[PDB]
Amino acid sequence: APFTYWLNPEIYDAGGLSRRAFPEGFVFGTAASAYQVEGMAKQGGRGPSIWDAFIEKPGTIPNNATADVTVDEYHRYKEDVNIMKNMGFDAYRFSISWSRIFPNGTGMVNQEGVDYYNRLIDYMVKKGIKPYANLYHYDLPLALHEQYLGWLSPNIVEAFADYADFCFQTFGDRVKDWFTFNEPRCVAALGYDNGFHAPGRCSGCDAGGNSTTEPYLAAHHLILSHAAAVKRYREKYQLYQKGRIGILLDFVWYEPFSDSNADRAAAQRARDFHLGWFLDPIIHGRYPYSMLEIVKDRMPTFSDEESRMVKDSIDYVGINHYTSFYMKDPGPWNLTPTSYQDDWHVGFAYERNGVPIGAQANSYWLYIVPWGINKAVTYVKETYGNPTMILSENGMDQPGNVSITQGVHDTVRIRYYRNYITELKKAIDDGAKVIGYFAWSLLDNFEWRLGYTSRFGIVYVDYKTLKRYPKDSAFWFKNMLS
C-alpha cells in the first residue's frame, strides 16, 4: 500500500545523538544468530542441532513454523550486508553454527559449511563491516546431546574448545572479535530449569530432567567450556591474530521495589542469580555468595586450576540488555529445593503506585524502561572493576501479524532506541567503559519459541517473498549515524 512510503518525521529526530556524542572508535552494529537467520537447516552438510529435534514435537512453535528457511541469509547475505552498510552500521555480530562446521560436534569438518562462513566474512570485509563472531547461540549439535546429554557432561568442555580452536584457526585472520556464548544463563535456565528451550528438560518434563540440579550443572560446564576456548585463543592465536575474545551475558535490571533493606537485598540476589552466576566466576574466580549459601551442594565447585583458568578469561563482556523489573522480598522462604528460578527467592513487580514500570513490547517479558540500561551499565562498572563492555544487544518487538504497510512505521521502536541509547550515553559520560552498541536485530527473524509471531527487526521481512523493507527505525539509525 502507498502508505508504506509516507516519510515519518520521527526518523530525523536523533534527540541530540550522533557519533560525536560517543567515544572515538565506538562501534555501532546489529546482532543476529545462525539458526534465527541462516536457513538451510537440513542442507549444505549441516548436522542436526537440539532445536531441529525440539521443533519436531507438534505445538512447540506457533503454527508449526520452522527455521529450515527463515529469512534465508544463507543465500541473501550480500543483500543483508548491503543494507547494514547503507544504514551506516560499522559491524555485524553473527553466530557460527557448530553443527554446520562439525555435523556431529567433533571430527569431520563440513567444508561446505566452512565455505559459507568464509563467503559471509569476506563480503563483510569487502563492504567494510566488522565481523564479530559468536560461537554458540543455542544450537548444540544433536549428536553430543544423544551421546552424553550435552551441557550436562564434563565431556562437552573439550568438545567446545576443539570447535572454538578450529574457528580461530580458520576465520581468525579476519575475525578479530569473538564471543564464546550468547546468554549461557538462558542456555542453562530455559534448557534445563523449565524446558522452554531445547533440549526441553526440567523436573517432570517429557524429555526428563531435574530443575534443582541440571541448570547449575549446565551453567558450570558452560563456564568451563568458555574458559577452555579462551585458553586456546590466548595460548595459540591471540598474539598473532591480534584480536579479542569475550562472552555475551543477558542482564535484566532489577530495581528495589522500595528502599527497605529486604527489597534492596532481593534486588541484589536477583542480580547475583541472573548475571553474577557467570560474571563472578569470570571476574573473581568464584560464584556469588548468595548462590553458594542458598544452592549449597547442588552447585558444582571449581578446582583451584579451573578457577584460575576461568578468572580473567575475557577481554570484554557483552551485556545484552532490554528490560527492567521491580524486585520485592517475597517473605519467608520455602526450604525444599524445586528450581533455579525458585532459588532466587524474590518477588517480581511490574508497577508501583498504580504506574507501570513501562509499556510492554510484543514479548511477555519485555517492558520498555530506558533508565534501566543506565543502571545496568553503571552496576557492571561499579561492581566488576570498570571492565571493558560492549552493549551487545538492545531492541524490542512488534506483533508478527502486522502488514508491510504498518510494520515499517515503527515509531515505538524509534522511541525505544532514542531513549535507551540516550540513557546508555549518560552511563558512558559517567565513566562506563562501553566500546560498542549492537541493536537486536537487523531483520525480523525466527524468534525461538515465538516463531514468527514476534518481529524484532529494524528491517521488515515479508515471509511470503523474503523481500526486505527497511522500517523507519533503520532510517532513524541511518540519520543518527551519519
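Sequential numbering from 1, following the sequence displayed. We call the rigid core the largest set of C-alpha positions that still match within 1.5 Å between the two forms.
A.B. asks: C-alpha RMS from this form in 4 other deposited structures of this protein, rigid core superposed: larger for 269-277 or 201-209?
C.D. replies: Higher average C-alpha offset in 4 other deposited structures of this protein goes to 201-209.
A.B. asks: Tell me which stretch, 1-9 or 471-479, has the higher mean Cα B-factor listed in the entry.
C.D. replies: Stretch with the higher mean C-alpha B-factor: 1-9.
A.B. asks: Averaging C-alpha B-factors over each stretch, which comes out higher, 171-179 or 201-209?
C.D. replies: Mean B over CA atoms: larger for 201-209.
A.B. asks: If I read the C-alpha B-factors straight from the PDB entry, which of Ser392, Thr323, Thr338, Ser313 is highest?
C.D. replies: Highest C-alpha B-factor among the listed residues goes to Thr338.
A.B. asks: Check the PDB entry and point out which of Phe160, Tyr367, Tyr254, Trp333 has the largest C-alpha temperature factor.
C.D. replies: Comparing C-alpha B-factors across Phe160, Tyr367, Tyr254, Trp333, the top value belongs to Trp333.
A.B. asks: Ordered by C-alpha B-factor within the chain, which third holds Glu38? Give me lowest, middle or highest, please.
C.D. replies: Its C-alpha B-factor belongs to the middle third of this chain's values.
A.B. asks: Check where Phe438 lands among this chain's C-alpha B-factors and tell me if it's the lowest, middle or highest third.
C.D. replies: It falls in the bottom third of the chain.
A.B. asks: Rank-wise, by C-alpha B-factor, drop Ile458 into the lowest, middle or highest third of its chain.
C.D. replies: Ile458: CA B-factor falls in the lowest third of its chain.
A.B. asks: Of the three thirds of its chain by CA temperature factor, lowest, middle or highest, which one includes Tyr417?
C.D. replies: CA B-factor rank for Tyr417: lowest third.
A.B. asks: Please say which third, lowest, middle or highest, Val125 falls into when its CA temperature factor is compared across its chain.
C.D. replies: Answer is highest: the recorded C-alpha B-factor places it there.
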